[PDB]
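What follows is a single structure, written as structure tokens, with notes after it.
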Amino acid sequence: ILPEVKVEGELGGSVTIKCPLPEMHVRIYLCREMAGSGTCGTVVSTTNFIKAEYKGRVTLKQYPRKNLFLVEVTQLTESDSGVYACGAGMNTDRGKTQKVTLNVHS
Amino acid sequence: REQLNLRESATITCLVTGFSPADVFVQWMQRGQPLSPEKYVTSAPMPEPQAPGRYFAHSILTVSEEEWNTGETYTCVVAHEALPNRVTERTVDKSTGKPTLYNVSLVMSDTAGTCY
Amino acid sequence: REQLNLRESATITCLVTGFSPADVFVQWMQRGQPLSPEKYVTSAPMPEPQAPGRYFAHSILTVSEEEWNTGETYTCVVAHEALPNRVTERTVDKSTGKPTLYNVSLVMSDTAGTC
Amino acid sequence: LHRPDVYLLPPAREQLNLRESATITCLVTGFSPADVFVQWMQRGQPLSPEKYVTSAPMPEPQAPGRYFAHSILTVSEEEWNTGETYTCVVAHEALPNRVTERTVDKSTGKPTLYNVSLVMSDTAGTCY
Amino acid sequence: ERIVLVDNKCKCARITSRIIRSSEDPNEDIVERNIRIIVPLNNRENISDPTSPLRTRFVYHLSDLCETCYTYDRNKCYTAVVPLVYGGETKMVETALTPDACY
Ligand SMILES: *[C@@H]1O[C@H](CO)[C@@H](O[C@@H]2O[C@H](CO)[C@@H](O)[C@H](O)[C@H]2NC(C)=O)[C@H](O)[C@H]1NC(C)=O
Ligand SMILES: *[C@@H]1O[C@H](CO)[C@@H](O)[C@H](O)[C@H]1NC(C)=O
Ligand SMILES: *[C@@H]1O[C@H](CO)[C@@H](O)[C@H](O)[C@H]1NC(C)=O
Ligand SMILES: *[C@@H]1O[C@H](CO)[C@@H](O)[C@H](O)[C@H]1NC(C)=O
């Protein structure tokens with residue numbers, strides 16, 4: 001198992017998410033896994049991709065020096081809530097490395 | 001599946017995708033023996049609407065139905081600068097290409113054993 | 001179990017413990033009565049570091065695996081002069097433990113699982 | 001001249017029904033010529049010699065040149081809720097590493113609830 | 001809580017164990033043992049040669065786990081050699097059978 005870091009928002013406007021950056025892997029995603037089936041749907045990932053809904057409010061900045069990657073999301077709405085994950089490899093499910101939760105008190 | 005219903009000839013494809021820049025090189029061999037360049041056709045790199053500055057290409061090989069139904073194995077080797085080994089390959093046959101049977105022989109023993 | 005799976009003669013021990021005064025005559029029999037009792041070896045009584053007035057013993061019986069894994073029980077007997085009938089005996093075998101039920105949970109769904 | 005084979009056994013199931021104590025037995029066999037002694041350490045700390053009682057080397061029932069010995073130790077019944085694993089050890093000249101630490105714990109032993117959960121998929125080509 | 005006895009990656013077997021507390025008593029503390037194998041289904045017989053027939057039989061001697069192999073590992077590269085006839089020059093080249101894990 002791997003950590004279950006949790007973050008909150010304290011009313012909308014901005015939010016910041018951090019996950020560990022593995023080595024020797026080129027793909028990095030933050031799929032939301034908020035589906036009844038459970039199959040995680042990649043939201044924002046490298047190798048060129050993005051979410052039909054999440055556009056212009058999502059960006060990724062990988063930092064090998066700190067062994068971390070940073071994703072910045074502007075504003076906030078009702079849809080982009082729940083939980084989120086992080087990982088690598090070429091299999092969104094079975095390749096996760098964290099389970100973060102997103103909530104807003106607004 | 002519908003093509004095999006006709007029991008005439010079978011066509012195997014190989015879709016390379018999302019390589020920048022262009023000029024990928026593709027070849028086909030059957031059970032470890034390379035085939036003639038005239039038995040298959042290769043496309044040319046074309047732009048990718050979904051991905052800016054990305055290219056893709058196709059390749060098809062045609063063989064008789066009997067050959068496909070004799071467990072013969074075919075592979076699609078490709079060569080590109082990005083490839084770490086500069087060469088990679090994928091392989092399929094009758095049993096692996098969307099099969100109609102999953103024959104399995106799961107067998108375990110000494111489940112108790114001595115485990116430490 | 002590490003002794004059984006290594007293809008070595010299984011050894012069964014009878015831990016006679018707590019008899020006072022120091023006099024005991026352990027015996028090993030199969031199918032009803034003992035056969036060549038020298039087959040096994042036993043030890044003399046010895047003290048304990050606890051309680052005033054106690055003695056313990058031991059016994060080892062060596063049997064091949066093709067017999068231990070297939071039938072018989074090899075009961076042990078203890079002959080102390082304070083027993084209700086002067087004779088007491090215990091017995092073990094392969095199935096002297098617990099049923100140990102299984103809970104097989106085979107899954108053939110390629111969509112969900114694998115975790 | 002053969003490797004001294006060694007084994008360890010846990011307390012009896014019916015022994016854990018009077019709530020007084022428990023015994024753990026470490027059996028040492030072989031070691032020709034007979035040169036062994038056992039020291040019962042727990043967590044790397046040797047126990048008092050008054051607890052374990054080694055007796056003597058004894059020839060095996062059929063003894064061309066082989067021998068054997070038995071050594072037990074007494075513990076408290078209420079301490080087995082945590083185990084502590086009560087390690088055993090043997091020493092002999094016919095051993096490449098002259099130590100064969102042997103230890104068991106409540107967890108080690110016979111299982112009473114098997115729970116096999118095998119799964120079948122087509123994306124298991126690589127073990128993540 | 002659960003300790004791990006086997007973590008084989010070639011057979012994806014994860015043998016573990018746990019003891020569950022009884023109903024407020026130190027007796028009948030039943031022990032457990034969990035086994036989880038994940039069959040590949042789409043892998044070949046000779047995992048490093050993409051010509052051998054498909055893998056039908058799966059034999060699991062649990063004693064050995066606690067050499068023919070079944071699955072790949074997320075931390076290793078598999079390679080092979082193939083003939084290329086570019087310019088009528090048969091030539092052997094190392095091919096990354098499992099790419100993205102050879103970087
Ligand atoms: C599985 O495939 C491997 C690779 O072809 C076989 O081992 C190779 O054998 C050739 C000669 O036949 C050598 O040139 C290679 O060096 C070998 N590979 C390695 C990694 O040493 C192997 O024998 C095959 N197994 C079976 C059962 O056929
Ligand atoms: C299916 O498996 C059985 C053995 O379980 C074997 O006899 C049979 O040949 C297999 N089917 C095919 C098509 O190979
Ligand atoms: C049997 O397995 C199920 C899960 O498949 C579990 O809920 C149940 O506790 C198991 N039975 C026992 C007696 O442990
Ligand atoms: C048996 O295994 C399944 C799958 O891991 C698990 O859900 C269940 O709780 C287990 N049962 C017991 C009693 O541990």
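Going through the structure tokens in order, the chains are called A, B, and so on, while each chain numbers its residues from 1 and the ligands are numbered from 1 in the order shown.
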
Inset, instruction - Write as a ChimeraX atom specification the residues around ligand 3, taking 10 Å as the cut-off and counting only C-alpha atoms and all ligand atoms. - result: /C:100-106 /D:112-117 /E:20,30-32

Inset, instruction - Please identify which residues in chain E DSSP calls helix (DSSP H, G or I) from the backbone, and express them as a ChimeraX atom specification. - result: /E:62-65,86-88

Inset, instruction - Identify, counting only C-alpha atoms and all ligand atoms, the protein, DNA and RNA residues located within 7 Å of ligand 1, and give them as a PyMOL selection string. - result: chain E and resi 46+48-49

Those residues with N, CA, C and O atoms, as a compact mmCIF listing (two decimals), in the first residue's frame please?
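Written file, again_23.txt:
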```txt
# COMPACT_ATOMS: atom_id res chain seq x y z
N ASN E 46 7.45 -19.93 -24.16
CA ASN E 46 8.76 -19.30 -23.98
C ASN E 46 8.54 -17.80 -23.99
O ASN E 46 8.38 -17.18 -25.05
N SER E 48 10.34 -15.32 -23.63
CA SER E 48 11.34 -14.52 -24.32
C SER E 48 11.47 -14.87 -25.79
O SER E 48 12.41 -14.41 -26.45
N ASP E 49 10.56 -15.67 -26.33
CA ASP E 49 10.56 -16.04 -27.74
C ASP E 49 9.13 -15.95 -28.27
O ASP E 49 8.29 -16.79 -27.90
```

Inset, instruction - Name the closest residue to residue 10 in chain C among the candidates D:118, D:108, D:30, D:7; distances are taken between atoms, counting only C-alpha atoms. - result: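 Ranking D:118, D:108, D:30, D:7 by distance to residue 10 in chain C, first place goes to D:7.
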
Inset, instruction - Find the residues around residue 11 in chain B up to 9 Å (only C-alpha atoms counted), leave out those fewer than 2 positions away in its own chain, and share them as a list in words. - result: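 Here the answer would be residues 3, 9, 13, 60, 61, 62, 63 and 64 of chain B.
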
Can you spit out the residues from that selection as a JSON list (two decimals), in the first residue's frame, using N, CA, C and O atoms?
```json
[["chain", "number", "residue", "atom", "x", "y", "z"],
["B", 3, "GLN", "N", -14.86, -11.44, -42.52],
["B", 3, "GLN", "CA", -13.97, -11.74, -43.67],
["B", 3, "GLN", "C", -13.67, -13.25, -43.69],
["B", 3, "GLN", "O", -13.72, -13.85, -44.78],
["B", 9, "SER", "N", -9.59, -15.15, -48.31],
["B", 9, "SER", "CA", -8.23, -14.74, -47.89],
["B", 9, "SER", "C", -8.34, -13.85, -46.65],
["B", 9, "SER", "O", -9.42, -13.26, -46.44],
["B", 13, "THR", "N", -3.43, -6.27, -40.24],
["B", 13, "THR", "CA", -2.99, -4.85, -40.31],
["B", 13, "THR", "C", -1.97, -4.55, -39.21],
["B", 13, "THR", "O", -1.80, -5.40, -38.32],
["B", 60, "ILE", "N", -0.56, -3.35, -44.26],
["B", 60, "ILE", "CA", -1.44, -4.51, -44.36],
["B", 60, "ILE", "C", -0.72, -5.63, -45.08],
["B", 60, "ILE", "O", 0.05, -5.39, -46.02],
["B", 61, "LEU", "N", -0.96, -6.86, -44.63],
["B", 61, "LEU", "CA", -0.45, -8.06, -45.28],
["B", 61, "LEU", "C", -1.61, -8.99, -45.59],
["B", 61, "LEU", "O", -2.52, -9.15, -44.77],
["B", 62, "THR", "N", -1.59, -9.59, -46.78],
["B", 62, "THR", "CA", -2.64, -10.49, -47.21],
["B", 62, "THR", "C", -2.08, -11.89, -47.45],
["B", 62, "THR", "O", -1.02, -12.05, -48.07],
["B", 63, "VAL", "N", -2.78, -12.90, -46.93],
["B", 63, "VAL", "CA", -2.39, -14.29, -47.08],
["B", 63, "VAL", "C", -3.66, -15.12, -47.26],
["B", 63, "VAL", "O", -4.77, -14.66, -46.98],
["B", 64, "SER", "N", -3.49, -16.37, -47.69],
["B", 64, "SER", "CA", -4.66, -17.27, -47.88],
["B", 64, "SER", "C", -5.27, -17.64, -46.52],
["B", 64, "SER", "O", -4.58, -17.46, -45.50]]
```

Legend entry - Distance filter 10 Å, only C-alpha atoms, chain B against chain A, as a list in words: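 Within 10 Å of chain A on chain B, we get residues 18, 50, 51 and 52 of chain B.
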
Emit the selected residues as a PDB file, in the first residue's frame, including C-alpha atoms.
```pdb
ATOM      1  CA  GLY B  18       1.896   8.979 -32.686  1.00  0.00           C
ATOM      2  CA  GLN B  50      -6.227  14.929 -32.252  1.00  0.00           C
ATOM      3  CA  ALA B  51      -2.469  15.409 -31.588  1.00  0.00           C
ATOM      4  CA  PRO B  52      -0.656  18.519 -33.027  1.00  0.00           C
TER       5      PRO B  52
END
```

Residues of chain B classed as strand (DSSP E or B) by DSSP on the backbone are to be reported as a short mmCIF file (atom, residue, chain, number, x, y, z; two decimals) with N, CA, C and O atoms, in the first residue's frame.
```cif
data_model
loop_
_atom_site.label_atom_id
_atom_site.label_comp_id
_atom_site.auth_asym_id
_atom_site.auth_seq_id
_atom_site.Cartn_x
_atom_site.Cartn_y
_atom_site.Cartn_z
N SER B 9 -9.59 -15.15 -48.31
CA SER B 9 -8.23 -14.74 -47.89
C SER B 9 -8.34 -13.85 -46.65
O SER B 9 -9.42 -13.26 -46.44
N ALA B 10 -7.26 -13.75 -45.86
CA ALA B 10 -7.31 -12.95 -44.61
C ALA B 10 -6.29 -11.81 -44.68
O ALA B 10 -5.20 -12.03 -45.24
N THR B 11 -6.65 -10.64 -44.15
CA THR B 11 -5.73 -9.47 -44.18
C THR B 11 -5.37 -9.05 -42.75
O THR B 11 -6.30 -8.81 -41.96
N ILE B 12 -4.07 -8.97 -42.45
CA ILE B 12 -3.61 -8.57 -41.08
C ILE B 12 -3.06 -7.15 -41.18
O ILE B 12 -2.29 -6.88 -42.12
N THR B 13 -3.43 -6.27 -40.24
CA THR B 13 -2.99 -4.85 -40.31
C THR B 13 -1.97 -4.55 -39.21
O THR B 13 -1.80 -5.40 -38.32
N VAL B 16 0.86 1.75 -36.72
CA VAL B 16 1.80 2.58 -35.98
C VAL B 16 1.14 3.92 -35.70
O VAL B 16 0.33 4.41 -36.49
N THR B 17 1.46 4.53 -34.56
CA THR B 17 0.69 5.69 -34.12
C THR B 17 1.54 6.63 -33.29
O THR B 17 2.30 6.20 -32.42
N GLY B 18 1.39 7.93 -33.55
CA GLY B 18 1.90 8.98 -32.69
C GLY B 18 3.40 9.10 -32.57
O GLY B 18 3.91 9.31 -31.47
N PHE B 19 4.12 9.00 -33.68
CA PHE B 19 5.57 9.13 -33.69
C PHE B 19 5.97 10.44 -34.33
O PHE B 19 5.46 10.79 -35.40
N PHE B 25 10.09 2.85 -40.54
CA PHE B 25 10.38 1.75 -41.44
C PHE B 25 9.76 0.47 -40.88
O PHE B 25 10.01 0.12 -39.73
N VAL B 26 8.97 -0.22 -41.70
CA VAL B 26 8.17 -1.35 -41.26
C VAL B 26 8.42 -2.54 -42.18
O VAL B 26 8.56 -2.37 -43.40
N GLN B 27 8.49 -3.74 -41.60
CA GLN B 27 8.70 -4.95 -42.38
C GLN B 27 7.96 -6.11 -41.71
O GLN B 27 7.62 -6.06 -40.53
N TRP B 28 7.72 -7.16 -42.50
CA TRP B 28 6.94 -8.31 -42.07
C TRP B 28 7.74 -9.59 -42.33
O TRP B 28 8.37 -9.72 -43.38
N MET B 29 7.70 -10.52 -41.37
CA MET B 29 8.23 -11.86 -41.58
C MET B 29 7.25 -12.89 -41.04
O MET B 29 6.46 -12.62 -40.13
N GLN B 30 7.30 -14.09 -41.62
CA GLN B 30 6.44 -15.20 -41.25
C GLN B 30 7.29 -16.31 -40.65
O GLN B 30 8.22 -16.79 -41.30
N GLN B 33 10.97 -16.16 -41.03
CA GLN B 33 11.46 -16.00 -42.39
C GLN B 33 10.90 -14.72 -42.97
O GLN B 33 9.67 -14.55 -43.02
N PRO B 34 11.74 -13.79 -43.42
CA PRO B 34 11.23 -12.54 -43.99
C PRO B 34 10.47 -12.78 -45.29
O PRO B 34 10.79 -13.69 -46.06
N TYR B 40 3.15 -6.96 -49.24
CA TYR B 40 2.47 -6.06 -48.32
C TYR B 40 2.66 -4.63 -48.82
O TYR B 40 3.53 -4.35 -49.65
N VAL B 41 1.82 -3.73 -48.31
CA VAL B 41 1.82 -2.34 -48.72
C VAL B 41 1.93 -1.47 -47.47
O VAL B 41 1.26 -1.74 -46.46
N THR B 42 2.76 -0.44 -47.54
CA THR B 42 2.97 0.48 -46.43
C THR B 42 2.55 1.88 -46.83
O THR B 42 2.84 2.33 -47.95
N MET B 46 1.14 10.66 -42.04
CA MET B 46 0.07 11.65 -42.30
C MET B 46 -0.22 12.38 -40.99
O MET B 46 -0.01 11.77 -39.93
N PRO B 47 -0.69 13.64 -41.01
CA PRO B 47 -0.89 14.40 -39.78
C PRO B 47 -1.92 13.74 -38.86
O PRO B 47 -2.71 12.96 -39.34
N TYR B 55 2.35 12.03 -36.02
CA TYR B 55 2.10 11.35 -37.32
C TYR B 55 1.72 9.88 -37.08
O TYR B 55 2.02 9.36 -35.99
N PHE B 56 1.08 9.25 -38.07
CA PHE B 56 0.74 7.84 -37.96
C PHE B 56 0.83 7.21 -39.34
O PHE B 56 0.88 7.90 -40.36
N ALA B 57 0.86 5.88 -39.37
CA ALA B 57 1.01 5.14 -40.61
C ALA B 57 0.34 3.78 -40.47
O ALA B 57 0.09 3.30 -39.36
N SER B 59 -0.12 -0.40 -42.38
CA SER B 59 0.52 -1.46 -43.14
C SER B 59 -0.35 -2.71 -43.11
O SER B 59 -0.85 -3.09 -42.05
N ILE B 60 -0.56 -3.35 -44.26
CA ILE B 60 -1.44 -4.51 -44.36
C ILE B 60 -0.72 -5.63 -45.08
O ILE B 60 0.05 -5.39 -46.02
N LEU B 61 -0.96 -6.86 -44.63
CA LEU B 61 -0.45 -8.06 -45.28
C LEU B 61 -1.61 -8.99 -45.59
O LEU B 61 -2.52 -9.15 -44.77
N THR B 62 -1.59 -9.59 -46.78
CA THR B 62 -2.64 -10.49 -47.21
C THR B 62 -2.08 -11.89 -47.45
O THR B 62 -1.02 -12.05 -48.07
N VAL B 63 -2.78 -12.90 -46.93
CA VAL B 63 -2.39 -14.29 -47.08
C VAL B 63 -3.66 -15.12 -47.26
O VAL B 63 -4.77 -14.66 -46.98
N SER B 64 -3.49 -16.37 -47.69
CA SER B 64 -4.66 -17.27 -47.88
C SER B 64 -5.27 -17.64 -46.52
O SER B 64 -4.58 -17.46 -45.50
N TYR B 74 2.77 -14.45 -37.60
CA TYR B 74 3.27 -13.29 -38.38
C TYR B 74 3.59 -12.14 -37.42
O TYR B 74 2.91 -12.03 -36.39
N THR B 75 4.59 -11.31 -37.76
CA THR B 75 5.00 -10.21 -36.85
C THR B 75 5.22 -8.92 -37.65
O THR B 75 5.45 -9.01 -38.86
N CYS B 76 5.17 -7.77 -36.97
CA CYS B 76 5.30 -6.45 -37.66
C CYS B 76 6.41 -5.64 -36.98
O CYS B 76 6.09 -4.85 -36.07
N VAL B 77 7.66 -5.84 -37.41
CA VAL B 77 8.81 -5.10 -36.81
C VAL B 77 8.81 -3.66 -37.33
O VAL B 77 8.46 -3.46 -38.50
N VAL B 78 9.19 -2.70 -36.47
CA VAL B 78 9.25 -1.27 -36.89
C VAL B 78 10.59 -0.69 -36.45
O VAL B 78 11.20 -1.25 -35.51
N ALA B 79 11.04 0.39 -37.09
CA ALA B 79 12.31 1.05 -36.72
C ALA B 79 12.10 2.56 -36.63
O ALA B 79 11.59 3.14 -37.61
N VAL B 87 14.53 -0.67 -32.49
CA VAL B 87 13.67 -1.70 -33.16
C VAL B 87 12.73 -2.32 -32.13
O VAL B 87 13.23 -2.69 -31.05
N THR B 88 11.44 -2.44 -32.44
CA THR B 88 10.47 -3.12 -31.54
C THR B 88 9.54 -3.96 -32.40
O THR B 88 9.50 -3.72 -33.61
N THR B 91 3.43 -9.39 -32.17
CA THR B 91 3.18 -10.66 -32.90
C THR B 91 1.77 -11.18 -32.60
O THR B 91 1.34 -11.06 -31.44
N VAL B 92 1.08 -11.75 -33.60
CA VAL B 92 -0.26 -12.36 -33.36
C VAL B 92 -0.40 -13.65 -34.17
O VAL B 92 0.35 -13.83 -35.14
N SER B 105 -5.87 -24.91 -18.06
CA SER B 105 -5.63 -26.14 -17.25
C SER B 105 -4.99 -25.74 -15.91
O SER B 105 -3.84 -26.15 -15.66
N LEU B 106 -5.71 -24.97 -15.09
CA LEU B 106 -5.18 -24.53 -13.78
C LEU B 106 -4.92 -25.76 -12.90
O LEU B 106 -5.85 -26.57 -12.74
N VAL B 107 -3.71 -25.88 -12.34
CA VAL B 107 -3.35 -27.06 -11.50
C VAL B 107 -2.39 -26.61 -10.40
O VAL B 107 -1.31 -26.09 -10.74
N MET B 108 -2.76 -26.82 -9.13
CA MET B 108 -1.84 -26.48 -8.01
C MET B 108 -1.74 -27.70 -7.08
O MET B 108 -2.66 -28.53 -7.11
N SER B 109 -0.66 -27.79 -6.29
CA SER B 109 -0.47 -28.98 -5.42
C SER B 109 0.29 -28.60 -4.15
O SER B 109 0.91 -27.52 -4.13
#
```

Inset, instruction - May I ask which of the residues D:49, D:125, D:33, D:44 is the closest one to chain E, counting only C-alpha atoms? - result: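 Smallest separation from chain E among the options: D:125.
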
Inset, instruction - Write out as a PyMOL selection string each polymer residue (protein, DNA or RNA) that has an atom no more than 9 Å from ligand 2, with only C-alpha atoms and all ligand atoms counted. - result: (chain B and resi 95+101-105) or (chain E and resi 56-57)

Atoms kept (N, CA and C atoms) for selection, written as a CSV table (one decimal), in the first residue's frame:
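So result_33.csv came out as:
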```
chain,number,residue,atom,x,y,z
B,95,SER,N,-4.6,-18.2,-32.4
B,95,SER,CA,-5.1,-18.4,-31.0
B,95,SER,C,-5.1,-17.0,-30.3
B,101,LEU,N,-12.2,-19.4,-27.9
B,101,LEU,CA,-12.1,-20.4,-26.8
B,101,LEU,C,-11.0,-19.9,-25.9
B,102,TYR,N,-11.3,-20.1,-24.6
B,102,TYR,CA,-10.3,-19.9,-23.5
B,102,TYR,C,-10.1,-21.3,-22.8
B,103,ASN,N,-9.2,-22.1,-23.4
B,103,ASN,CA,-8.9,-23.4,-22.8
B,103,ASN,C,-7.8,-23.2,-21.8
B,104,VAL,N,-8.2,-23.6,-20.5
B,104,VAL,CA,-7.2,-23.4,-19.4
B,104,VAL,C,-7.1,-24.7,-18.6
B,105,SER,N,-5.9,-24.9,-18.1
B,105,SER,CA,-5.6,-26.1,-17.2
B,105,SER,C,-5.0,-25.7,-15.9
E,56,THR,N,-1.2,-22.9,-22.1
E,56,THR,CA,-2.4,-23.5,-21.6
E,56,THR,C,-2.3,-24.0,-20.2
E,57,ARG,N,-1.4,-24.9,-19.9
E,57,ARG,CA,-1.3,-25.5,-18.6
E,57,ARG,C,-0.5,-24.6,-17.6
```

Legend entry - Near-residue 2 in chain C list (9 Å; only C-alpha atoms; drop same-chain fewer than 2 positions) as a ChimeraX atom specification: /B:113-114 /C:4-6 /D:7

Inset, instruction - Compile the contact shell of residue 59 in chain D as a ChimeraX atom specification: residues with an atom at most 12 Å away, counting only C-alpha atoms, same-chain residues fewer than 3 positions apart removed. - result: /C:40-42,60 /D:28-34,56,62-70

Inset, instruction - Provide as a PyMOL selection string the residues of chain A at most 10 Å from chain D, counting only C-alpha atoms. - result: chain A and resi 89+91+94-96

Legend entry - One-decimal distance in Å that lies between CA of residue 51 in chain D and CA of residue 18 in chain C: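 CA of residue 51 in chain D lies at a distance of 15.9 Å from CA of residue 18 in chain C.
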
Residue list for chain E near chain C as a compact mmCIF listing (two decimals) with N, CA, C and O atoms, in the first residue's frame, 10 Å, only C-alpha atoms:
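out.txt, written as the output of this step:
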```
# COMPACT_ATOMS: atom_id res chain seq x y z
N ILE E 30 -8.36 -18.54 15.40
CA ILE E 30 -8.17 -19.21 14.12
C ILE E 30 -7.18 -18.44 13.27
O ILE E 30 -7.22 -17.21 13.19
N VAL E 31 -6.25 -19.17 12.64
CA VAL E 31 -5.26 -18.57 11.77
C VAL E 31 -5.78 -18.59 10.34
O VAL E 31 -6.70 -19.33 10.00
N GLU E 32 -5.18 -17.75 9.49
CA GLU E 32 -5.61 -17.60 8.11
C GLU E 32 -4.41 -17.70 7.18
O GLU E 32 -3.25 -17.65 7.61
N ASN E 34 -3.88 -16.40 2.97
CA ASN E 34 -4.46 -15.87 1.74
C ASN E 34 -3.50 -16.08 0.58
O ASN E 34 -2.32 -15.71 0.67
N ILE E 35 -4.00 -16.66 -0.50
CA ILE E 35 -3.24 -16.89 -1.73
C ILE E 35 -3.95 -16.19 -2.87
O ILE E 35 -5.18 -16.29 -3.00
N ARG E 36 -3.20 -15.46 -3.70
CA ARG E 36 -3.80 -14.70 -4.83
C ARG E 36 -2.92 -14.85 -6.07
O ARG E 36 -1.93 -14.12 -6.18
N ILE E 37 -3.26 -15.78 -6.96
CA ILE E 37 -2.51 -15.93 -8.24
C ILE E 37 -3.26 -15.15 -9.32
O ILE E 37 -4.50 -15.14 -9.26
N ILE E 38 -2.55 -14.49 -10.24
CA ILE E 38 -3.21 -13.77 -11.37
C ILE E 38 -2.70 -14.37 -12.68
O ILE E 38 -1.59 -14.01 -13.10
N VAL E 39 -3.47 -15.27 -13.29
CA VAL E 39 -3.07 -15.99 -14.54
C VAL E 39 -2.93 -14.98 -15.69
O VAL E 39 -3.82 -14.13 -15.84
N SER E 63 5.14 -25.12 -2.76
CA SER E 63 6.30 -25.33 -1.86
C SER E 63 7.53 -24.57 -2.38
O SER E 63 8.21 -23.94 -1.56
```

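Atom to atom, CA of residue 109 in chain C and atom 7 (O, counted along the ligand's line) of ligand 4 stand 15.8 Å apart.
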
Inset, instruction - Identify, on the basis of only C-alpha atoms, every residue whose closest approach to residue 1 in chain B does not exceed 12 Å; exclude the query and any residue fewer than 3 positions from it along the same chain; express the result as a list in words. - result: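 Within the cut-off, the hits are residues 4, 5, 6, 7, 9, 10, 11, 12, 65, 94, 97, 98, 99 and 100 of chain B.
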
Inset, instruction - Within 10 Å of chain D, which residues of chain E are there when counting only C-alpha atoms? Please give them as a PyMOL selection string. - result: chain E and resi 3+8-13+15+17-19+21+26-27+29-44+47+70-75+98

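The residue that comes closest to chain B, out of E:68, E:16, E:22, E:51 and on the basis of only C-alpha atoms, is E:51.
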